Structures are given as structure tokens and as C-alpha cells.
Protein chains: 2
Amino acid sequence: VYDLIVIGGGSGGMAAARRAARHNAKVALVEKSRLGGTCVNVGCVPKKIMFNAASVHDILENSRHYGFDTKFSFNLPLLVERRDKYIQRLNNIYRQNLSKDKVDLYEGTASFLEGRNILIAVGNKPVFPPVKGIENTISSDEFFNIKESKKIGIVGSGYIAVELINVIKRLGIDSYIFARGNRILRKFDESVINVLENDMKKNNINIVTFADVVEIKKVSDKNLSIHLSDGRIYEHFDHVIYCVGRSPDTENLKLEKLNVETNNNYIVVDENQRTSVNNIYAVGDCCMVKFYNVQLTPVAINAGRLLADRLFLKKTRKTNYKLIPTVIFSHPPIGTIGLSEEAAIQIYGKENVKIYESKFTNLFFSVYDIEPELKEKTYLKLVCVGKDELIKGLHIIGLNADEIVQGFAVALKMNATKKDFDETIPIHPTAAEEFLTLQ
Amino acid sequence: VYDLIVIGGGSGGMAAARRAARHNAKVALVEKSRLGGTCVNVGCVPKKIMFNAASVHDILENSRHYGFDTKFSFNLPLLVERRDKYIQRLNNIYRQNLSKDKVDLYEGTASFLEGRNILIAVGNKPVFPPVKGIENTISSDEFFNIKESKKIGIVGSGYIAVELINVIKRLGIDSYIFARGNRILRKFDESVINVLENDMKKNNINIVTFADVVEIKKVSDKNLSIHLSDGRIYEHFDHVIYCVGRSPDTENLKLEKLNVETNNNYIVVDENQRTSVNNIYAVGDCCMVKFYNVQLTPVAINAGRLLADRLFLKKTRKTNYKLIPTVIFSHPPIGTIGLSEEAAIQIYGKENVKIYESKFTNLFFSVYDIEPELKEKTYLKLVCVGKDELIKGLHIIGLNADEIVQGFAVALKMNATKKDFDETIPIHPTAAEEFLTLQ
């Protein structure tokens, strides 16, 4: 008999499993594919490696403005073996940590019908809509098998699509991204995105708006065509990638005969991650909290670790889904916490929203021998709601924006104000100091 | 008659000058060399450009682990013209901003004997001690004229010396840095420095401890020798650089006949930057506050801007010299705010100091085809004083540490605690998130 059996060795189950492990629980975790799940084998990890890759290509393409004489070629199959070489080592490490802490791992698909508290941690799996030609399509996952390609088309404009198209261009591949609305990234502040799109277009990424693909044709093998509902046609794609969204691995868990609730396959739970049925719990994007979903590795890490506590020491600590810092690893990258300027106004009203923003050029681009206004930009935004100016949203796009936000999030959670930032003496010279002089 | 005459168009005078400008003051500023002073023409700006340069060289030397075939040469004279090309454009811009805001600029040396409130902003100038051979030496400034060199020796181990030696190696130049104590950077946390030195030595930077140079010989032109007091001799240097420290440009201001006070050339002032003599004020590292000195661009920017206020709108706002975030642009870079673990214990006592630290490898180095333990490292430290654990010091050394700290400083000023950080959901995957899981 186990104190807790973990189903899902991805981000959530693992953390959960090892934490309870730490509190002396007899723990068991069963996995069917490689350990570390989505984030490790087909999300965050490789994605981030390919983002670094595309960063090296730009540095190589531009080293001449820094005194270097450079001639280089890129070979994607190599980036491929290095990167999978890496991934293979993590799985072994995870299985090592799993014996280090006394958890009894089991490889196999899990199914309900010996444990005292059973935790569902089976995240999603990709979504292919009923669209004509969809057979000729692949998913964000599959992209990680691509070692040859001259033209790629992505359908969607969510964060995965944009990160992927920017990584795709910067690897020598001709690139399109189809979007349903007026602009990609419809959920993020529109100014931050105006800068994103301007730069993408500057780098010849083709962005198509108001697109509804009603057909995916296959002239032949690796000669595909994308058909939109308005007359525009787009030919010659070796891969069309659908970045629709993802849905829980919930289909056959032999769950129904348990009256465990289900919205649209997502397992419902409470502040504590408890099911309708007690004993049985759920974290990871495979669930929905209420209802928030929120599919990010660190959130599922929080959840699982915190639960273990209510389960083994004390309840006190619960997961906060409010305030979730994000990084869109686009080119350039985007750091974003809290409300956009418009979300703010939908909540507190325009009479209460003041904004602070900046536009400048990273010092890195000083030697680039080109007209200033053509250098890659950096833009930031402070959205302030109230009277001594609480910061309800914080965003920036640029060189290293991925590394500048974490910290400001510690300050947004502490209800900091324009004035906290203003009394903060800045570090020079850095991109991040601009946040402190928005006067 | 002027409402305020600014002496010194460096960081402080300029900001001061334009701010008061903003409040409708009849302002005048006089400069003798190029505008933007130390930070722009011989400090922060070029230094930072050369740091980026050395960053491109490492990226080029290692692109192969990312799929690239790279063959490159470096040519320092080019980095030199690009970089001075840049600097020339800033001076023009500064002189443009100076007409934009209605300040009457005057080029010439300033000397006391028409203005209502006169502001001293003349920072330092380098220091060469009475040492034998010192004639054969140069200063951090002069380094910016160097376009040829096979071996360089730096005397000192302060932040400028370390930044400069790391930049020097990464430009193909053989490198030594002489230090008086046991380790370079004696003012910063010793663990953060153990990692710094290990990496420097890993990259063949030679670090010499307990060194007292008592002689600087010149066998010939660009064939110099460094003599230490203990028997060690070090030959074949084209340039020996002395990074001793800097002293105020105060020597002949025709000041004495004014009973304006002087410690060791530094002009003394108060919380408000007022002299012994009123009407006359002082910011910039050319002064000493009490007594803090603190020679950083953003501090002198604060001071000058804030003064203008007491001078033109209201006093309320004063400069805080307590809590000064810093970045040592070493390789790797170091972000540091607040107390070291030992400074903490000199203040609150060991019974009250808890520490949190981490050591890991940036994901950037995942594909480097080398044994893990040989990859460039990242190390962080939380120094906590008290009971719910106030963070009195925060440090990290690594890839992008320069960009991760600004933000945490907003949080240290807000007396954040381990637990503020702990409730902060992290961004993945990033170097900076490690700060949030130090459990």
C-alpha cells in the first residue's frame, strides 16, 4: 500500500512525488514515455535550446560590427543531435533523483480500477481540429523531428507559434504564420506587440491576418498549400504546423465510473487540488482550478509541491493562480507580468489608468553600422492603476527581456508603486534600468 | 545673471542642468573636454562595448556546439573605430539635448573668482602612486587608445581592473592581474568570488596574490617588467595599467579663498549637497556625502536631478546612498545588492544570519560537448538577517547576471523576505527563477 501514487512523471508529478518523498511518504510514480514529460522532451527545454541557437545565428551574422571576420554555415541536423543528446541525459538524471528520494517508479500506462492518495498528473496532448487537409499537418511536438526544410507555415498565433516561427526564420527557413485576428498575440499588450510584429517583418517573417484556413492541400510530398476562406492561397510548404492548443490526456483513464467531474476533459478541483472524489487529486495543466487552467511548468511544480504538504505536514500553504509572470521567447523576447493597458481599463476604468512607456536601442547595437532607426528596438510599459500608482501590469520586449522580469515580479507581488521603482537607484549601463527613470 | 551655473558636463552636471532647465531656471553649463565626461568617453560606455565584444568572441569560439561551422578572425583596430565612431555621436547628441532644453553651454575650463547657485560637477581623474617605474605605466583611461598588444598587466583588483582583465583575455591578449590580498574583489562576497577566480583561471587569466609591485622596469619599448616585493618577477608586458583609484578634479579651482571644505580633495556636503558655503553645491564622485563617496553614474544622475528640485520646486526629495545595486561586468558578470554574508555578520552577528545559495549551469551550455563539471557556472546567494528573513544582501555571478539584478533591487528596497520570493511564481526556463526555489 502506498501513501500516494503519482500518475504522470512530468513537471507536476515529479515535484509532487519527490516533495512528499521528503516528508517520508511511501511514494509511487508510474510513467509511460520518457520522464520529465512535455516541458523536458517536447516543450520548454528543446524550445529554449533552439531559441539560443537562433540567438547564435544572429550573433554570427553580425559579428563584423564588433571587429570580427566571420564566415559560417549552419547545419540543422547537428543542432538536432546535440540537443537530443542533451535531452537523453535529463531522463536519466530524473530517474536518478527518483531513487535518491525513495520513490518506487513504475513504467507503464496508468489506469483506474494500491495507494491511499492518488494524484493525476497527465497534462495535455496536441489538438487537431476538423479541418480539410488536416491529415497533411503536424504539431508543435513533431517539429522536434524536423532536420530538413526550406519553407514552414504555422497556423495559430499563440505564444508557441510565435516563438516557433521566430526560431524557424533564424534557422534559414522561409516563414509564415497565419493568424485569425488583426495581430498575433491578441492576449498581450498591443504596443508591445506592435514592436514584435515590426521587427518580425523587418526580419522577413510573413504575418497574415484575418486568416481562416479551410483547406490543407498536398500537391505532393513536401509541396503543400494553405487555403484561406477569403481567396488568399499560399503554396510550397514542406511542413504546415498546427498550433491550435492542447487538451488533457484524460480520454481513457477508466474514470467515469467514479463520477469525477469533467468540463471538457479537464479535471476540476479546488484551491487544494481535490477532486469531487477525495483521496484523488490533480495538478498540471491536465486540470482546471476553481476555473483557471494555466499551462506553465512552474505552476504545476508549485501545485504538486504544495499539495504534498497539506498531505503530509500542514495545509496552510495554497497555490496562487493570480499574478503569473510570463516570458514569450519570441525574437525579441517579451517579459510580461500582470495586466495589459487595455485589460486594466476593462477592470478599473480609463479614468484610473496611467501608463509609462519607453523606446530605446540596447547598447549592444551601438556598433552595428546602420542608421539608428533601423536597429532592433527595446520598448517598455508600466501600467498604473490608482492614486499612488500601483503597478498592475509590467511588460517589455527586447534583448534579454527574458532575464529582466523575474525580479520585478517579486515587486509586483508586493504591491510596489511607480515611486518604489523611482526610489530605486538604477544599475548602469543596462536595459533594465530604464524601468527606473520612466519619468 | 544665471539662476544656476553647472561646472562639469559629465553625468551629474548634465542631468542637473537639464532638470533645473525643466523647472524654468536660467541655466548655464561649461565644459572643457567632450560632453558626457568619464562615463561616456572613458568609462561605462566604451567599457560596456568592449564587454559585448568579448561576449561575441566567446559566442564565435563556441558556435560549433550549436550546429555552426565557424572560422573567424578578430581585428582590434576595427572594434576601435566602430566604438569611437559611436562615442563621437553621443557628444553631438548631448550638445543637442543641451539646446533642446534652453541651457547656455560654454566650453572652457571653469574657475572661481555670473550665477546665483553654482554646482561643482567635476568627478575624478586617475591616480598614479609614488612607485618606482610608474613613469612606464598607463591608466585605465589610456587603455582606450590601445589598438595593438600581446601581453597586458593590470595592477589593482578593484572592479575596473577585473572587468578590464576579463575583457583583455577575451580579445586574444595574454593576461595578468596583480592583487595585494588573497583574492581579487576583497569587497565582495567571497563565494561569489571563488567562482569568478575559478572561471578566470579556467580561461587562463593569471591572478597573482599578495603582490606589492615596488618597481616598474622598461627593458625597451613595449618590453616591460613588473617587480614584486617578495622575489617574484614578471616579464614581457607591452602595457602595465595601474588601476589604483581616482581623485577629484579639484586641484586648481581657485577654491581655497572660499573656505569651502576639503577632506583629501573631495568636496564635503550634506544630505542636500550643500557646501560649507551656501549658494555653492556639489554632486558627482568629485564630492563626498556626509561621508559616502560612491562613484557610479546613476548616483550622480540622482543627486543632480534631485537637487534641481530643492532649488526650483520643493526640497522634499533627497538622495539615498544606502542600498546601491551594482554590476561588475566581469566574465562572468556579477550582480550585487546589499551585504555580503560576512558584512552581515559584522553587523547583526552570526546567530542572526542565514544564507541561501545555488550552483548550476545555464541551459545555454547544455549543448557544449564537454563534461558537465567543466561548463561555465552560475552561483547565487541569499543573505538573510532576522526572523522572517529579511534579505540584506543579494548576489549572483553568471550569464546575464547583469540583467537579472535591477529588479530584485526594487524588492530589497521594499524589505522583501525569503517568503516574498517564495510566493513568487517563477518564470521558466531562466537563470533568474533559481532565486525563487532556494529551498
# chains A, B, ... in the order shown; residues from 1 in each chain; ligands from 1
$ select_by_dssp --residues "range 262-326 of chain A" --states "helix (DSSP H, G or I)" --output "PyMOL selection string"
chain A and resi 297-312
$ write_last_selection --atoms "N, CA, C and O atoms" --output "short mmCIF file (atom, residue, chain, number, x, y, z; two decimals), in the first residue's frame"
data_model
loop_
_atom_site.label_atom_id
_atom_site.label_comp_id
_atom_site.auth_asym_id
_atom_site.auth_seq_id
_atom_site.Cartn_x
_atom_site.Cartn_y
_atom_site.Cartn_z
N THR A 297 5.16 25.33 -16.62
CA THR A 297 5.84 24.33 -15.83
C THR A 297 5.90 24.68 -14.32
O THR A 297 5.58 23.84 -13.46
N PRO A 298 6.28 25.92 -14.03
CA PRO A 298 6.48 26.35 -12.65
C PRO A 298 5.15 26.34 -11.89
O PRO A 298 5.10 26.15 -10.66
N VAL A 299 4.06 26.52 -12.59
CA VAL A 299 2.82 26.45 -11.84
C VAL A 299 2.54 25.03 -11.40
O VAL A 299 2.35 24.80 -10.25
N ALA A 300 2.57 24.07 -12.31
CA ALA A 300 2.44 22.67 -11.95
C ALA A 300 3.54 22.20 -10.96
O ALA A 300 3.31 21.22 -10.15
N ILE A 301 4.71 22.84 -10.98
CA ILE A 301 5.67 22.50 -9.95
C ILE A 301 5.11 23.00 -8.57
O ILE A 301 5.07 22.23 -7.56
N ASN A 302 4.66 24.26 -8.54
CA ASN A 302 4.11 24.78 -7.29
C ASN A 302 3.02 23.82 -6.77
O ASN A 302 3.22 23.10 -5.80
N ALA A 303 1.89 23.81 -7.45
CA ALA A 303 0.80 22.91 -7.10
C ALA A 303 1.22 21.59 -6.42
O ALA A 303 0.94 21.38 -5.26
N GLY A 304 1.92 20.73 -7.16
CA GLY A 304 2.33 19.43 -6.68
C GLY A 304 3.13 19.45 -5.39
O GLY A 304 2.93 18.63 -4.49
N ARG A 305 4.04 20.42 -5.29
CA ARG A 305 4.90 20.50 -4.13
C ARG A 305 4.04 20.93 -2.95
O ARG A 305 4.14 20.38 -1.81
N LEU A 306 3.13 21.87 -3.21
CA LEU A 306 2.37 22.40 -2.11
C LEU A 306 1.38 21.38 -1.59
O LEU A 306 1.15 21.26 -0.41
N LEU A 307 0.80 20.62 -2.50
CA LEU A 307 -0.17 19.64 -2.10
C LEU A 307 0.48 18.72 -1.09
O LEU A 307 -0.01 18.61 0.07
N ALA A 308 1.58 18.08 -1.52
CA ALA A 308 2.34 17.15 -0.69
C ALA A 308 2.33 17.57 0.77
O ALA A 308 2.25 16.73 1.65
N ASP A 309 2.39 18.87 0.99
CA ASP A 309 2.34 19.49 2.29
C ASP A 309 1.03 19.31 3.02
O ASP A 309 1.03 18.80 4.15
N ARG A 310 -0.07 19.73 2.40
CA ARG A 310 -1.37 19.52 3.02
C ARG A 310 -1.52 18.03 3.33
O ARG A 310 -2.16 17.62 4.31
N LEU A 311 -0.89 17.23 2.48
CA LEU A 311 -0.96 15.79 2.61
C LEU A 311 -0.05 15.27 3.68
O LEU A 311 -0.36 14.27 4.32
N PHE A 312 1.06 15.93 3.92
CA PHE A 312 1.98 15.31 4.85
C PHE A 312 2.44 16.10 6.05
O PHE A 312 2.61 15.53 7.11
#
$ select_by_dssp --residues "range 103-329 of chain B" --states "strand (DSSP E or B)" --output "ChimeraX atom specification"
/B:104-107,115,118-120,126,138-139,151-155,174-178,206-208,213-218,224-228,233-237,239-242,246,262,267-269,274,280-282,287-289,292,326-328
$ residues_around --residues "range 44-57 of chain B" --least-positions-apart "2" --cutoff "8 Å" --atoms "only C-alpha atoms" --output "list in words"
residues 59, 63, 66, 363, 364, 366, 428 and 429 of chain A; 38, 39, 40, 41, 42, 59, 60, 61, 79, 83, 87, 144, 163, 164, 167, 170, 171 and 329 of chain B
$ write_last_selection --atoms "N, CA and C atoms" --output "PDB file, in the first residue's frame"
ATOM      1  N   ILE A  59      24.071  36.474 -33.687  1.00  0.00           N
ATOM      2  CA  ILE A  59      25.361  36.987 -33.296  1.00  0.00           C
ATOM      3  C   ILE A  59      26.386  36.717 -34.406  1.00  0.00           C
ATOM      4  N   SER A  63      28.701  39.792 -36.264  1.00  0.00           N
ATOM      5  CA  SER A  63      29.938  39.971 -35.539  1.00  0.00           C
ATOM      6  C   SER A  63      30.857  40.931 -36.177  1.00  0.00           C
ATOM      7  N   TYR A  66      31.613  44.293 -34.667  1.00  0.00           N
ATOM      8  CA  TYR A  66      32.318  44.173 -33.431  1.00  0.00           C
ATOM      9  C   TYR A  66      33.779  43.831 -33.690  1.00  0.00           C
ATOM     10  N   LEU A 363      22.516  49.031 -25.917  1.00  0.00           N
ATOM     11  CA  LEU A 363      23.842  49.493 -26.228  1.00  0.00           C
ATOM     12  C   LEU A 363      24.563  48.458 -27.155  1.00  0.00           C
ATOM     13  N   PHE A 364      24.133  47.195 -27.066  1.00  0.00           N
ATOM     14  CA  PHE A 364      24.694  46.135 -27.877  1.00  0.00           C
ATOM     15  C   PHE A 364      24.737  46.462 -29.378  1.00  0.00           C
ATOM     16  N   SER A 366      25.027  49.500 -30.682  1.00  0.00           N
ATOM     17  CA  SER A 366      25.718  50.744 -30.924  1.00  0.00           C
ATOM     18  C   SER A 366      26.713  50.633 -32.092  1.00  0.00           C
ATOM     19  N   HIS A 428      23.856  50.823 -14.024  1.00  0.00           N
ATOM     20  CA  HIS A 428      24.268  51.357 -15.316  1.00  0.00           C
ATOM     21  C   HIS A 428      25.551  50.687 -15.884  1.00  0.00           C
ATOM     22  N   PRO A 429      25.599  50.395 -17.155  1.00  0.00           N
ATOM     23  CA  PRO A 429      24.502  50.567 -18.086  1.00  0.00           C
ATOM     24  C   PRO A 429      23.765  49.275 -18.375  1.00  0.00           C
TER      25      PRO A 429
ATOM     26  N   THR B  38      33.466  61.284 -18.016  1.00  0.00           N
ATOM     27  CA  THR B  38      34.036  59.970 -17.688  1.00  0.00           C
ATOM     28  C   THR B  38      33.197  58.762 -18.174  1.00  0.00           C
ATOM     29  N   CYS B  39      31.950  58.628 -17.728  1.00  0.00           N
ATOM     30  CA  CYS B  39      31.066  57.536 -18.166  1.00  0.00           C
ATOM     31  C   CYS B  39      30.961  57.353 -19.679  1.00  0.00           C
ATOM     32  N   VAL B  40      30.903  58.460 -20.391  1.00  0.00           N
ATOM     33  CA  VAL B  40      30.679  58.356 -21.811  1.00  0.00           C
ATOM     34  C   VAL B  40      31.945  58.174 -22.587  1.00  0.00           C
ATOM     35  N   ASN B  41      32.957  58.972 -22.305  1.00  0.00           N
ATOM     36  CA  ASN B  41      34.149  58.955 -23.151  1.00  0.00           C
ATOM     37  C   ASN B  41      35.227  58.002 -22.694  1.00  0.00           C
ATOM     38  N   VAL B  42      35.254  57.666 -21.404  1.00  0.00           N
ATOM     39  CA  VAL B  42      36.261  56.748 -20.898  1.00  0.00           C
ATOM     40  C   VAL B  42      35.834  55.819 -19.749  1.00  0.00           C
ATOM     41  N   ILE B  59      30.979  33.672 -28.034  1.00  0.00           N
ATOM     42  CA  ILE B  59      29.953  33.025 -28.812  1.00  0.00           C
ATOM     43  C   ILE B  59      30.558  32.464 -30.107  1.00  0.00           C
ATOM     44  N   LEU B  60      31.429  33.197 -30.783  1.00  0.00           N
ATOM     45  CA  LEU B  60      32.031  32.697 -32.005  1.00  0.00           C
ATOM     46  C   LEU B  60      32.932  31.498 -31.734  1.00  0.00           C
ATOM     47  N   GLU B  61      33.696  31.546 -30.646  1.00  0.00           N
ATOM     48  CA  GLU B  61      34.570  30.425 -30.365  1.00  0.00           C
ATOM     49  C   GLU B  61      33.775  29.170 -30.085  1.00  0.00           C
ATOM     50  N   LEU B  79      37.134  47.082 -33.993  1.00  0.00           N
ATOM     51  CA  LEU B  79      36.344  47.283 -32.814  1.00  0.00           C
ATOM     52  C   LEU B  79      36.639  48.742 -32.357  1.00  0.00           C
ATOM     53  N   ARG B  83      33.700  51.617 -32.206  1.00  0.00           N
ATOM     54  CA  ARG B  83      33.383  52.053 -30.880  1.00  0.00           C
ATOM     55  C   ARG B  83      33.584  53.568 -30.688  1.00  0.00           C
ATOM     56  N   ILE B  87      31.028  56.747 -29.929  1.00  0.00           N
ATOM     57  CA  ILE B  87      31.202  57.795 -28.905  1.00  0.00           C
ATOM     58  C   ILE B  87      31.101  59.247 -29.426  1.00  0.00           C
ATOM     59  N   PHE B 144      41.855  52.830 -23.543  1.00  0.00           N
ATOM     60  CA  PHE B 144      41.015  53.095 -24.703  1.00  0.00           C
ATOM     61  C   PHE B 144      41.754  53.605 -25.930  1.00  0.00           C
ATOM     62  N   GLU B 163      37.119  43.735 -14.669  1.00  0.00           N
ATOM     63  CA  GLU B 163      36.335  43.908 -15.852  1.00  0.00           C
ATOM     64  C   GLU B 163      37.304  44.086 -16.980  1.00  0.00           C
ATOM     65  N   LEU B 164      38.357  44.848 -16.720  1.00  0.00           N
ATOM     66  CA  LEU B 164      39.241  45.110 -17.831  1.00  0.00           C
ATOM     67  C   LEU B 164      40.097  43.898 -18.168  1.00  0.00           C
ATOM     68  N   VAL B 167      37.986  41.483 -20.089  1.00  0.00           N
ATOM     69  CA  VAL B 167      37.779  41.939 -21.453  1.00  0.00           C
ATOM     70  C   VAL B 167      39.068  41.747 -22.253  1.00  0.00           C
ATOM     71  N   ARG B 170      39.802  37.893 -23.539  1.00  0.00           N
ATOM     72  CA  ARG B 170      38.776  37.551 -24.494  1.00  0.00           C
ATOM     73  C   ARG B 170      39.016  38.334 -25.777  1.00  0.00           C
ATOM     74  N   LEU B 171      40.106  39.090 -25.844  1.00  0.00           N
ATOM     75  CA  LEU B 171      40.473  39.758 -27.074  1.00  0.00           C
ATOM     76  C   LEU B 171      41.777  39.229 -27.620  1.00  0.00           C
ATOM     77  N   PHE B 329      30.933  44.091 -14.397  1.00  0.00           N
ATOM     78  CA  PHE B 329      30.870  43.497 -15.705  1.00  0.00           C
ATOM     79  C   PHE B 329      32.096  42.643 -15.936  1.00  0.00           C
TER      80      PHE B 329
END
$ closest_residue --among "A:76, A:244, A:27, A:355" --to "chain B" --atoms "only C-alpha atoms"
A:76
$ residues_around --residues "residue 72 in chain A" --least-positions-apart "4" --cutoff "7 Å" --atoms "only C-alpha atoms" --output "CSV table (one decimal) with C-alpha atoms, in the first residue's frame"
chain,number,residue,atom,x,y,z
B,68,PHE,CA,27.6,26.1,-36.8
B,69,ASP,CA,30.8,25.8,-38.8
B,70,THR,CA,32.7,28.9,-37.9
B,71,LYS,CA,36.1,30.3,-38.8
$ atom_distance --atom1 "CA of residue 279 in chain A" --atom2 "CA of residue 117 in chain A"
4.6 Å
$ residues_around --residues "residue 280 in chain B" --least-positions-apart "5" --cutoff "9 Å" --atoms "only C-alpha atoms" --output "ChimeraX atom specification"
/B:116-120,273-275
$ write_last_selection --atoms "C-alpha atoms" --output "mmCIF file, in the first residue's frame"
data_model
loop_
_atom_site.group_PDB
_atom_site.id
_atom_site.type_symbol
_atom_site.label_atom_id
_atom_site.label_comp_id
_atom_site.auth_asym_id
_atom_site.auth_seq_id
_atom_site.Cartn_x
_atom_site.Cartn_y
_atom_site.Cartn_z
ATOM 1 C CA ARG B 116 23.099 82.670 -8.378
ATOM 2 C CA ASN B 117 23.711 78.959 -7.483
ATOM 3 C CA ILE B 118 26.900 77.323 -8.709
ATOM 4 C CA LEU B 119 27.217 73.486 -8.955
ATOM 5 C CA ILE B 120 30.526 71.652 -8.842
ATOM 6 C CA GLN B 273 24.663 68.529 -1.472
ATOM 7 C CA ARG B 274 25.316 71.998 0.019
ATOM 8 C CA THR B 275 28.821 73.212 0.665
#
$ atom_distance --atom1 "CA of residue 245 in chain B" --atom2 "CA of residue 154 in chain B"
12.6 Å
$ residues_around --residues "residue 422 in chain A" --least-positions-apart "2" --cutoff "10 Å" --atoms "only C-alpha atoms" --output "PyMOL selection string"
(chain A and resi 417-420+424-426+435-439) or (chain B and resi 410)
$ residues_around --residues "range 378-387 of chain A" --least-positions-apart "3" --cutoff "6 Å" --atoms "only C-alpha atoms" --output "count of residues only"
20
$ atom_distance --atom1 "CA of residue 143 in chain A" --atom2 "CA of residue 204 in chain A"
20.8 Å
$ closest_residue --among "A:20, A:267, A:233, A:90" --to "chain B" --atoms "only C-alpha atoms"
A:90
$ closest_residue --among "B:389, B:183, B:136, B:145" --to "residue 198 in chain B" --atoms "only C-alpha atoms"
B:183
$ closest_residue --among "A:326, A:340, A:96, A:88" --to "chain B" --atoms "only C-alpha atoms"
A:326
$ closest_residue --among "A:248, A:265, A:413, A:243" --to "residue 322 in chain A" --atoms "only C-alpha atoms"
A:413
$ closest_residue --among "B:423, B:199, B:238, B:249" --to "chain A" --atoms "only C-alpha atoms"
B:423
